[PDB]
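Engineer: File protein.txt below, compact mmCIF, C-alpha atoms and all ligand atoms:
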```txt
# COMPACT_ATOMS: atom_id res chain seq x y z
CA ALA A 2 2.84 -42.57 -54.12
CA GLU A 3 4.11 -39.36 -52.53
CA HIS A 4 1.78 -36.37 -52.88
CA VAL A 5 2.90 -32.90 -54.01
CA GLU A 6 0.59 -29.88 -53.96
CA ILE A 7 0.73 -26.73 -56.05
CA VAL A 8 -0.82 -23.38 -55.24
CA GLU A 9 -1.96 -21.63 -58.41
CA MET A 10 -0.61 -18.09 -58.87
CA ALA A 11 -1.99 -17.04 -62.25
CA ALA A 12 -5.02 -15.22 -60.86
CA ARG A 13 -3.13 -12.94 -58.48
CA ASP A 14 0.67 -13.22 -58.80
CA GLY A 15 0.36 -13.72 -62.55
CA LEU A 16 -2.09 -10.95 -63.45
CA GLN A 17 -0.27 -8.61 -61.07
CA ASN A 18 2.91 -9.08 -63.11
CA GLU A 19 1.34 -8.10 -66.42
CA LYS A 20 1.35 -4.59 -67.95
CA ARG A 21 -2.38 -4.70 -68.70
CA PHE A 22 -5.78 -4.89 -67.08
CA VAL A 23 -7.70 -8.09 -67.66
CA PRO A 24 -11.49 -7.55 -67.81
CA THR A 25 -13.19 -8.60 -64.58
CA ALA A 26 -15.35 -11.10 -66.45
CA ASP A 27 -12.19 -12.59 -67.90
CA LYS A 28 -10.55 -12.90 -64.48
CA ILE A 29 -13.68 -14.67 -63.24
CA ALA A 30 -13.74 -17.02 -66.23
CA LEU A 31 -10.06 -17.77 -65.66
CA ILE A 32 -10.57 -18.62 -62.00
CA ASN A 33 -13.60 -20.82 -62.74
CA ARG A 34 -11.49 -22.97 -65.07
CA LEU A 35 -8.67 -23.27 -62.56
CA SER A 36 -11.22 -24.39 -59.96
CA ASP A 37 -12.01 -27.41 -62.12
CA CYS A 38 -8.37 -28.35 -62.39
CA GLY A 39 -8.09 -30.05 -59.00
CA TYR A 40 -6.22 -27.45 -56.91
CA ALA A 41 -6.78 -27.43 -53.15
CA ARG A 42 -5.77 -23.76 -52.91
CA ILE A 43 -6.10 -20.86 -55.37
CA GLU A 44 -5.08 -17.28 -54.66
CA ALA A 45 -8.03 -15.44 -56.21
CA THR A 46 -6.88 -11.81 -55.85
CA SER A 47 -5.25 -9.16 -53.67
CA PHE A 48 -6.78 -6.33 -51.61
CA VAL A 49 -3.81 -4.03 -52.03
CA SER A 50 -3.86 -0.35 -53.06
CA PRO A 51 -5.39 -0.01 -56.55
CA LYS A 52 -2.81 2.68 -57.27
CA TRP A 53 0.14 0.39 -56.54
CA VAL A 54 -1.41 -2.46 -58.51
CA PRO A 55 -4.39 -1.41 -60.67
CA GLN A 56 -4.34 -4.82 -62.31
CA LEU A 57 -6.32 -6.21 -59.35
CA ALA A 58 -8.45 -3.19 -58.46
CA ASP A 59 -11.51 -5.35 -59.16
CA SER A 60 -10.58 -7.76 -56.35
CA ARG A 61 -13.98 -7.19 -54.75
CA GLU A 62 -16.06 -8.01 -57.83
CA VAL A 63 -13.89 -11.04 -58.58
CA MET A 64 -14.44 -12.68 -55.17
CA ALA A 65 -18.14 -12.04 -55.66
CA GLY A 66 -18.42 -13.36 -59.22
CA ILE A 67 -16.30 -16.50 -58.75
CA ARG A 68 -18.05 -19.79 -58.03
CA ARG A 69 -16.99 -21.66 -54.88
CA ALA A 70 -16.29 -25.30 -55.74
CA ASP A 71 -16.60 -25.74 -51.95
CA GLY A 72 -13.80 -28.31 -52.01
CA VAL A 73 -11.35 -25.55 -52.90
CA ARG A 74 -9.94 -22.82 -50.67
CA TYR A 75 -9.79 -19.34 -52.20
CA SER A 76 -7.19 -17.10 -50.55
CA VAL A 77 -6.31 -13.45 -51.05
CA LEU A 78 -3.13 -11.43 -50.42
CA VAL A 79 -3.41 -8.87 -47.61
CA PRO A 80 -1.06 -5.85 -47.22
CA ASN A 81 -2.52 -4.49 -43.98
CA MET A 82 -5.45 -4.47 -41.59
CA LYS A 83 -7.61 -2.49 -44.01
CA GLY A 84 -6.98 -5.29 -46.50
CA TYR A 85 -7.85 -7.99 -44.00
CA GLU A 86 -11.28 -6.44 -43.45
CA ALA A 87 -11.99 -6.44 -47.18
CA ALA A 88 -10.79 -10.05 -47.37
CA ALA A 89 -13.13 -11.03 -44.53
CA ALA A 90 -15.97 -9.19 -46.26
CA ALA A 91 -15.18 -11.00 -49.53
CA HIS A 92 -15.54 -14.30 -47.67
CA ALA A 93 -11.95 -15.31 -48.26
CA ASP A 94 -11.18 -18.88 -47.12
CA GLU A 95 -7.56 -18.12 -46.32
CA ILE A 96 -5.18 -15.19 -46.07
CA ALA A 97 -1.65 -14.52 -47.34
CA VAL A 98 0.81 -11.85 -46.15
CA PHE A 99 4.12 -10.80 -47.65
CA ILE A 100 7.55 -9.59 -46.59
CA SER A 101 11.04 -9.55 -48.01
CA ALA A 102 14.27 -11.18 -46.87
CA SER A 103 16.11 -8.19 -48.41
CA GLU A 104 16.13 -4.77 -46.69
CA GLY A 105 16.63 -2.94 -49.97
CA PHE A 106 13.71 -4.65 -51.65
CA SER A 107 11.45 -4.12 -48.64
CA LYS A 108 11.83 -0.35 -48.42
CA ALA A 109 11.37 -0.32 -52.20
CA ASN A 110 8.32 -2.56 -52.50
CA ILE A 111 6.55 -2.15 -49.14
CA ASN A 112 8.33 1.11 -48.41
CA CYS A 113 9.65 0.16 -44.96
CA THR A 114 12.24 -2.06 -43.28
CA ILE A 115 11.91 -5.80 -42.83
CA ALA A 116 11.50 -5.49 -39.06
CA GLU A 117 8.83 -2.80 -39.55
CA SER A 118 6.93 -4.90 -42.08
CA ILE A 119 6.88 -7.71 -39.52
CA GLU A 120 5.59 -5.49 -36.70
CA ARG A 121 2.71 -4.06 -38.72
CA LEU A 122 1.84 -7.57 -39.89
CA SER A 123 1.69 -8.80 -36.28
CA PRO A 124 -1.88 -7.49 -35.76
CA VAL A 125 -3.30 -8.56 -39.13
CA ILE A 126 -2.08 -12.12 -38.60
CA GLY A 127 -3.58 -11.92 -35.13
CA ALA A 128 -6.96 -10.83 -36.46
CA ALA A 129 -6.90 -13.69 -38.95
CA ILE A 130 -6.05 -16.36 -36.39
CA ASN A 131 -8.88 -15.02 -34.25
CA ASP A 132 -11.36 -15.46 -37.11
CA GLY A 133 -10.08 -18.98 -37.72
CA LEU A 134 -8.55 -18.12 -41.11
CA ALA A 135 -5.39 -19.87 -42.29
CA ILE A 136 -2.48 -17.51 -43.04
CA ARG A 137 0.52 -18.16 -45.27
CA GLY A 138 3.49 -15.86 -45.54
CA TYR A 139 5.48 -14.88 -48.63
CA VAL A 140 9.21 -14.15 -48.40
CA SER A 141 10.79 -12.42 -51.41
CA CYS A 142 14.42 -12.41 -52.49
CA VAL A 143 15.26 -15.74 -50.81
CA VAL A 144 18.29 -16.10 -53.05
CA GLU A 145 19.10 -12.73 -54.55
CA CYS A 146 17.75 -9.19 -54.55
CA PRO A 147 17.83 -6.87 -57.55
CA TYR A 148 18.97 -4.25 -55.03
CA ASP A 149 21.25 -5.76 -52.39
CA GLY A 150 22.49 -8.64 -54.52
CA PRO A 151 22.84 -12.09 -52.90
CA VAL A 152 20.88 -12.64 -49.69
CA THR A 153 22.36 -14.91 -47.03
CA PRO A 154 20.53 -18.10 -45.99
CA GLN A 155 20.52 -16.78 -42.44
CA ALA A 156 18.64 -13.65 -43.43
CA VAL A 157 15.93 -15.77 -45.05
CA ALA A 158 15.75 -18.17 -42.08
CA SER A 159 15.44 -15.22 -39.70
CA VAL A 160 12.35 -13.67 -41.30
CA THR A 161 10.88 -17.11 -42.03
CA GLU A 162 11.14 -18.04 -38.31
CA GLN A 163 9.46 -14.78 -37.29
CA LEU A 164 6.55 -15.35 -39.69
CA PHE A 165 5.81 -18.79 -38.25
CA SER A 166 6.17 -17.49 -34.68
CA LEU A 167 3.49 -14.88 -35.44
CA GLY A 168 1.11 -17.58 -36.63
CA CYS A 169 1.64 -18.36 -40.31
CA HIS A 170 0.98 -22.06 -40.97
CA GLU A 171 3.12 -22.02 -44.11
CA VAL A 172 5.81 -19.88 -45.74
CA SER A 173 6.51 -19.59 -49.45
CA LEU A 174 10.19 -19.00 -50.22
CA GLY A 175 10.22 -17.01 -53.43
CA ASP A 176 13.17 -16.56 -55.77
CA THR A 177 11.84 -13.12 -56.82
CA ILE A 178 14.22 -12.50 -59.74
CA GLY A 179 14.78 -16.11 -60.70
CA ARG A 180 18.52 -16.04 -60.14
CA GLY A 181 18.50 -19.13 -57.95
CA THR A 182 20.44 -22.28 -58.84
CA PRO A 183 20.35 -25.75 -57.26
CA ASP A 184 23.28 -24.70 -55.03
CA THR A 185 22.09 -21.31 -53.71
CA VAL A 186 18.58 -22.70 -53.28
CA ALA A 187 19.97 -25.72 -51.40
CA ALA A 188 21.96 -23.50 -49.05
CA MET A 189 18.88 -21.38 -48.42
CA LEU A 190 16.63 -24.35 -47.67
CA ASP A 191 19.20 -25.81 -45.25
CA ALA A 192 19.09 -22.67 -43.16
CA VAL A 193 15.27 -22.57 -43.22
CA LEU A 194 14.94 -26.31 -42.52
CA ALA A 195 16.96 -25.73 -39.36
CA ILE A 196 14.14 -23.61 -37.87
CA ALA A 197 11.05 -25.03 -39.58
CA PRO A 198 9.84 -28.41 -40.90
CA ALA A 199 9.73 -29.05 -44.66
CA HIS A 200 6.02 -29.70 -44.21
CA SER A 201 5.28 -25.99 -43.79
CA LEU A 202 7.50 -24.75 -46.61
CA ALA A 203 6.46 -23.92 -50.14
CA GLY A 204 8.78 -23.28 -53.06
CA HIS A 205 8.14 -20.28 -55.33
CA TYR A 206 10.79 -20.34 -58.05
CA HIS A 207 10.78 -18.16 -61.14
CA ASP A 208 11.96 -19.75 -64.38
CA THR A 209 13.40 -16.42 -65.50
CA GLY A 210 16.82 -18.06 -65.62
CA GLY A 211 15.54 -21.42 -66.84
CA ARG A 212 16.32 -23.17 -63.55
CA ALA A 213 12.90 -23.25 -61.86
CA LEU A 214 12.36 -26.99 -62.50
CA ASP A 215 15.90 -27.67 -61.27
CA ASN A 216 15.36 -25.69 -58.06
CA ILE A 217 12.15 -27.63 -57.50
CA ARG A 218 13.97 -30.99 -57.73
CA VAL A 219 16.40 -29.86 -55.04
CA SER A 220 13.46 -28.76 -52.85
CA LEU A 221 11.82 -32.17 -53.32
CA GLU A 222 15.08 -33.84 -52.28
CA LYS A 223 15.09 -31.62 -49.21
CA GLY A 224 11.52 -32.52 -48.27
CA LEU A 225 9.36 -29.73 -49.69
CA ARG A 226 5.98 -30.94 -50.96
CA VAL A 227 4.34 -27.65 -52.01
CA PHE A 228 5.21 -25.32 -54.87
CA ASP A 229 3.74 -22.18 -56.41
CA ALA A 230 3.30 -21.84 -60.17
CA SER A 231 1.23 -20.10 -62.88
CA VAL A 232 -0.84 -22.24 -65.24
CA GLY A 233 0.54 -20.64 -68.39
CA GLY A 234 3.50 -18.83 -66.90
CA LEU A 235 1.36 -15.76 -66.26
CA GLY A 236 3.17 -12.87 -64.65
CA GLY A 237 6.65 -12.09 -65.93
CA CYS A 238 9.56 -10.32 -64.27
CA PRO A 239 9.75 -6.47 -64.24
CA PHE A 240 13.54 -6.56 -63.98
CA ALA A 241 13.53 -8.86 -67.01
CA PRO A 242 10.72 -7.64 -69.34
CA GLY A 243 9.48 -10.21 -71.83
CA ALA A 244 11.61 -12.80 -70.00
CA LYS A 245 9.94 -15.83 -68.38
CA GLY A 246 8.31 -15.07 -65.03
CA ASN A 247 6.65 -17.63 -62.78
CA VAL A 248 7.30 -21.30 -63.45
CA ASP A 249 4.60 -22.75 -65.76
CA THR A 250 2.17 -24.89 -63.72
CA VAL A 251 1.94 -27.40 -66.58
CA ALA A 252 5.68 -27.92 -66.84
CA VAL A 253 5.84 -28.54 -63.07
CA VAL A 254 3.07 -31.17 -62.93
CA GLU A 255 4.34 -33.02 -66.02
CA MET A 256 7.76 -33.32 -64.36
CA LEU A 257 6.32 -34.19 -60.93
CA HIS A 258 4.28 -37.04 -62.38
CA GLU A 259 7.31 -38.37 -64.26
CA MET A 260 8.98 -38.54 -60.84
CA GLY A 261 6.13 -40.68 -59.59
CA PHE A 262 4.58 -37.83 -57.63
CA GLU A 263 0.81 -37.38 -57.51
CA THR A 264 -0.57 -33.85 -57.73
CA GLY A 265 -4.25 -34.67 -58.05
CA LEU A 266 -4.50 -32.20 -60.94
CA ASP A 267 -6.00 -32.70 -64.40
CA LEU A 268 -3.34 -32.02 -67.07
CA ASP A 269 -5.95 -31.59 -69.81
CA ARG A 270 -7.80 -28.98 -67.78
CA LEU A 271 -4.47 -27.38 -66.90
CA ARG A 272 -3.38 -27.09 -70.53
CA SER A 273 -6.76 -25.68 -71.44
CA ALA A 274 -6.41 -23.10 -68.66
CA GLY A 275 -2.95 -22.12 -69.87
CA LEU A 276 -4.21 -21.54 -73.40
CA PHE A 277 -6.87 -19.35 -71.83
CA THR A 278 -4.38 -17.17 -69.98
CA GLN A 279 -2.27 -16.92 -73.12
CA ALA A 280 -5.26 -15.16 -74.68
CA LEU A 281 -4.43 -12.33 -72.27
CA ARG A 282 -0.67 -12.87 -71.87
CA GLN A 283 0.27 -11.79 -75.39
CA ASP A 284 -2.71 -9.45 -75.69
CA CA B 1 6.03 -14.93 -58.58
```
Here is the file; what I need is its structure written in the form of structure tokens.
Ligand SMILES: [Ca+2]
Structural biologist:
Amino acid sequence: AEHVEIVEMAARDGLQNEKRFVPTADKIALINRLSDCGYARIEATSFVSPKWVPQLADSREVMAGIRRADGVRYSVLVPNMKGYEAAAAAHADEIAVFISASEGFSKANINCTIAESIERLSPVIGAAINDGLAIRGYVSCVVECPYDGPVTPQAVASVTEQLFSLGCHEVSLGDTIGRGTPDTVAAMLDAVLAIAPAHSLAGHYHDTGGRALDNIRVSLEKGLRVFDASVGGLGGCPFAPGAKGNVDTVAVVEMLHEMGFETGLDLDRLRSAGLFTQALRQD
């Protein structure tokens, strides 16, 4: 059977998109359960300014309290060189950088232009490659931006091509506001597939509009075999409060299996993990 991998987002992307601070011990307990689910990669935390995202200010303690299943790679998001150092100190297995395909979102989230965010990221990616660490890149607003509206496939393919050229081994195309449909997503992938193999692409679709599972099917048909999701849908959407955020990891694997795809994940463990996160999602 054909294999499909999922990178868990609950620990970083999920908790980041929650209007509350989860106790460090709870974050650690949450990551330890995920580690027994069968994931190959888990994004444990982020070393980004505690003032811009206090939810993960305990990124250092987390990496230290977590247990290393040794067969699992624990990655962390890195905003700059200062972050890379902390990630290297925290013994991160892999690194992850982020940029936006939308100019308006970039100078509103990273506070700089797309081209400038790429330049500054040039050295951090270089430092990582030097230390033998794997680096994945995130691209936001691959379909639509809450600021500039629709984003052309070409814009997404441009920044995606520059991330790989810098060194990234994989790029996650994220539908930031979950406004993507099978059509827009398909037109985006086509552009990206023209300058990069499906093998190095990961799909990151929010279910905010209830189309995440549909956008994933299209990606599968296009060749993508990696997708990002949150075990219990952790991390909503700021532009759509209360609304569904990340695609639920459970929903994705249950569909994938029905399609004959093997994920290598334990559904039971996964459901149990989701229930856990829900104990912090609602309150
Ligand atoms: Ca997300």
Engineer: I'd like the neighbourhood of residue 143 in chain A as an MDAnalysis selection string, where a residue qualifies if any of its atoms comes within 12 Å (using only C-alpha atoms), though same-chain residues fewer than 4 positions away should be ignored.
Structural biologist: chainID A and resid 100:104 106 139 147 149:161 172:182 185:190 192:193 204:207
Engineer: If we draw a sphere of 7 Å around (-2.5, -19.5, -60.3), which residues have at least one atom in it when counting all atoms listed in the file? Please report them as a VMD selection string.
Structural biologist: chain A and resid 8 to 13 15 43 to 44 230 to 232
Engineer: As an exercise, work out the distance from CA of residue 164 in chain A to CA of residue 118 in chain A in Å and give it to one decimal place.
Structural biologist: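 Distance between the two atoms: 10.7 Å.
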Engineer: Could you state the separation of CA of residue 46 in chain A and CA of residue 224 in chain A in Å, given to one decimal place?
Structural biologist: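 Between CA of residue 46 in chain A and CA of residue 224 in chain A the gap works out to 28.7 Å.
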Engineer: Taking only C-alpha atoms into account, which of A:274, A:7, A:115, A:196 comes nearest residue 254 in chain A?
Structural biologist: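 Distance minimum relative to residue 254 in chain A lands on A:7.
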Engineer: Just give me the gap between CA of residue 16 in chain A and CA of residue 80 in chain A in Å, one decimal is fine.
Structural biologist: 17.0 Å
Engineer: Write out as JSON, numbers by chain which residues come within 12 Å of residue 131 in chain A when counting all atoms listed in the file, dropping same-chain ones fewer than 6 positions away.
Structural biologist: {"A": [89, 124, 125, 168]}
Engineer: Just C-alpha atoms for this one: save the residues we selected as a PDB file, in the frame of the given file.
Structural biologist:
```pdb
ATOM      1  CA  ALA A  89     -13.130 -11.030 -44.530  1.00  0.00           C
ATOM      2  CA  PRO A 124      -1.880  -7.490 -35.760  1.00  0.00           C
ATOM      3  CA  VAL A 125      -3.300  -8.560 -39.130  1.00  0.00           C
ATOM      4  CA  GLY A 168       1.110 -17.580 -36.630  1.00  0.00           C
TER       5      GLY A 168
END
```
Engineer: Out of A:270, A:258, A:42, A:245, which residue has the shortest atom-to-atom distance to ligand CA 1 (chain B) when counting all atoms listed in the file?
Structural biologist: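 Closest residue, counting all atoms listed in the file: A:245.
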Engineer: Would you please work out which residue, of A:142, A:66, A:236, A:107, is nearest to ligand CA 1 (chain B) when using all atoms listed in the file?
Structural biologist: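 Distance minimum relative to ligand CA 1 (chain B) lands on A:236.
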Engineer: Which residue gives the smallest distance to ligand CA 1 (chain B) among A:235, A:58, A:2, A:271, with all atoms listed in the file counted?
Structural biologist: A:235
Engineer: Some atoms are missing, so please complete range 249-268 of chain A with N, CA, C and O atoms and return it as a PDB file, keeping the file's coordinate frame.
Structural biologist:
```pdb
ATOM      1  N   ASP A 249       5.860 -22.272 -65.175  1.00  0.00           N
ATOM      2  CA  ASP A 249       4.600 -22.750 -65.760  1.00  0.00           C
ATOM      3  C   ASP A 249       4.020 -23.947 -64.990  1.00  0.00           C
ATOM      4  O   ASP A 249       4.670 -24.987 -64.861  1.00  0.00           O
ATOM      5  N   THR A 250       2.798 -23.804 -64.478  1.00  0.00           N
ATOM      6  CA  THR A 250       2.170 -24.890 -63.720  1.00  0.00           C
ATOM      7  C   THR A 250       2.181 -26.215 -64.460  1.00  0.00           C
ATOM      8  O   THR A 250       2.369 -27.252 -63.844  1.00  0.00           O
ATOM      9  N   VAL A 251       1.948 -26.182 -65.773  1.00  0.00           N
ATOM     10  CA  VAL A 251       1.940 -27.400 -66.580  1.00  0.00           C
ATOM     11  C   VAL A 251       3.283 -28.106 -66.537  1.00  0.00           C
ATOM     12  O   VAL A 251       3.357 -29.289 -66.231  1.00  0.00           O
ATOM     13  N   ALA A 252       4.346 -27.368 -66.840  1.00  0.00           N
ATOM     14  CA  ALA A 252       5.680 -27.920 -66.840  1.00  0.00           C
ATOM     15  C   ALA A 252       6.006 -28.611 -65.514  1.00  0.00           C
ATOM     16  O   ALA A 252       6.615 -29.678 -65.496  1.00  0.00           O
ATOM     17  N   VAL A 253       5.582 -28.002 -64.409  1.00  0.00           N
ATOM     18  CA  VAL A 253       5.840 -28.540 -63.070  1.00  0.00           C
ATOM     19  C   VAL A 253       5.135 -29.879 -62.821  1.00  0.00           C
ATOM     20  O   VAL A 253       5.752 -30.820 -62.321  1.00  0.00           O
ATOM     21  N   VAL A 254       3.845 -29.951 -63.149  1.00  0.00           N
ATOM     22  CA  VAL A 254       3.070 -31.170 -62.930  1.00  0.00           C
ATOM     23  C   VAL A 254       3.508 -32.316 -63.847  1.00  0.00           C
ATOM     24  O   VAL A 254       3.498 -33.477 -63.436  1.00  0.00           O
ATOM     25  N   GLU A 255       3.894 -31.993 -65.080  1.00  0.00           N
ATOM     26  CA  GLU A 255       4.340 -33.020 -66.020  1.00  0.00           C
ATOM     27  C   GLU A 255       5.642 -33.636 -65.527  1.00  0.00           C
ATOM     28  O   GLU A 255       5.867 -34.835 -65.702  1.00  0.00           O
ATOM     29  N   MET A 256       6.489 -32.827 -64.895  1.00  0.00           N
ATOM     30  CA  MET A 256       7.760 -33.320 -64.360  1.00  0.00           C
ATOM     31  C   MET A 256       7.497 -34.129 -63.088  1.00  0.00           C
ATOM     32  O   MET A 256       8.027 -35.227 -62.921  1.00  0.00           O
ATOM     33  N   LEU A 257       6.677 -33.567 -62.205  1.00  0.00           N
ATOM     34  CA  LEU A 257       6.320 -34.190 -60.930  1.00  0.00           C
ATOM     35  C   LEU A 257       5.777 -35.595 -61.122  1.00  0.00           C
ATOM     36  O   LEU A 257       6.156 -36.520 -60.406  1.00  0.00           O
ATOM     37  N   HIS A 258       4.880 -35.747 -62.090  1.00  0.00           N
ATOM     38  CA  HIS A 258       4.280 -37.040 -62.380  1.00  0.00           C
ATOM     39  C   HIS A 258       5.340 -38.029 -62.872  1.00  0.00           C
ATOM     40  O   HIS A 258       5.344 -39.199 -62.475  1.00  0.00           O
ATOM     41  N   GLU A 259       6.233 -37.546 -63.734  1.00  0.00           N
ATOM     42  CA  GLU A 259       7.310 -38.370 -64.260  1.00  0.00           C
ATOM     43  C   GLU A 259       8.179 -38.879 -63.114  1.00  0.00           C
ATOM     44  O   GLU A 259       8.823 -39.922 -63.233  1.00  0.00           O
ATOM     45  N   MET A 260       8.191 -38.142 -62.007  1.00  0.00           N
ATOM     46  CA  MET A 260       8.980 -38.540 -60.840  1.00  0.00           C
ATOM     47  C   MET A 260       8.158 -39.418 -59.910  1.00  0.00           C
ATOM     48  O   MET A 260       8.575 -39.716 -58.789  1.00  0.00           O
ATOM     49  N   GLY A 261       6.990 -39.828 -60.385  1.00  0.00           N
ATOM     50  CA  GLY A 261       6.130 -40.680 -59.590  1.00  0.00           C
ATOM     51  C   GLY A 261       5.313 -39.940 -58.553  1.00  0.00           C
ATOM     52  O   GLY A 261       4.658 -40.562 -57.717  1.00  0.00           O
ATOM     53  N   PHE A 262       5.338 -38.614 -58.600  1.00  0.00           N
ATOM     54  CA  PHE A 262       4.580 -37.830 -57.630  1.00  0.00           C
ATOM     55  C   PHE A 262       3.163 -37.619 -58.113  1.00  0.00           C
ATOM     56  O   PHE A 262       2.929 -37.480 -59.307  1.00  0.00           O
ATOM     57  N   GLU A 263       2.215 -37.606 -57.182  1.00  0.00           N
ATOM     58  CA  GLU A 263       0.810 -37.380 -57.510  1.00  0.00           C
ATOM     59  C   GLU A 263       0.444 -35.954 -57.093  1.00  0.00           C
ATOM     60  O   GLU A 263       0.702 -35.530 -55.963  1.00  0.00           O
ATOM     61  N   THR A 264      -0.161 -35.217 -58.011  1.00  0.00           N
ATOM     62  CA  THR A 264      -0.570 -33.850 -57.730  1.00  0.00           C
ATOM     63  C   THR A 264      -2.085 -33.739 -57.559  1.00  0.00           C
ATOM     64  O   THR A 264      -2.582 -32.810 -56.925  1.00  0.00           O
ATOM     65  N   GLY A 265      -2.809 -34.689 -58.137  1.00  0.00           N
ATOM     66  CA  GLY A 265      -4.250 -34.670 -58.050  1.00  0.00           C
ATOM     67  C   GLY A 265      -4.822 -33.615 -58.998  1.00  0.00           C
ATOM     68  O   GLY A 265      -5.955 -33.172 -58.832  1.00  0.00           O
ATOM     69  N   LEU A 266      -4.038 -33.205 -59.990  1.00  0.00           N
ATOM     70  CA  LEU A 266      -4.500 -32.200 -60.940  1.00  0.00           C
ATOM     71  C   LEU A 266      -4.760 -32.827 -62.306  1.00  0.00           C
ATOM     72  O   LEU A 266      -4.170 -33.842 -62.653  1.00  0.00           O
ATOM     73  N   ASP A 267      -5.658 -32.219 -63.068  1.00  0.00           N
ATOM     74  CA  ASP A 267      -6.000 -32.700 -64.400  1.00  0.00           C
ATOM     75  C   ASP A 267      -5.147 -31.943 -65.430  1.00  0.00           C
ATOM     76  O   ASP A 267      -5.340 -30.749 -65.633  1.00  0.00           O
ATOM     77  N   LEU A 268      -4.210 -32.639 -66.072  1.00  0.00           N
ATOM     78  CA  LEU A 268      -3.340 -32.020 -67.070  1.00  0.00           C
ATOM     79  C   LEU A 268      -4.122 -31.370 -68.203  1.00  0.00           C
ATOM     80  O   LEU A 268      -3.815 -30.249 -68.607  1.00  0.00           O
TER      81      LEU A 268
END
```
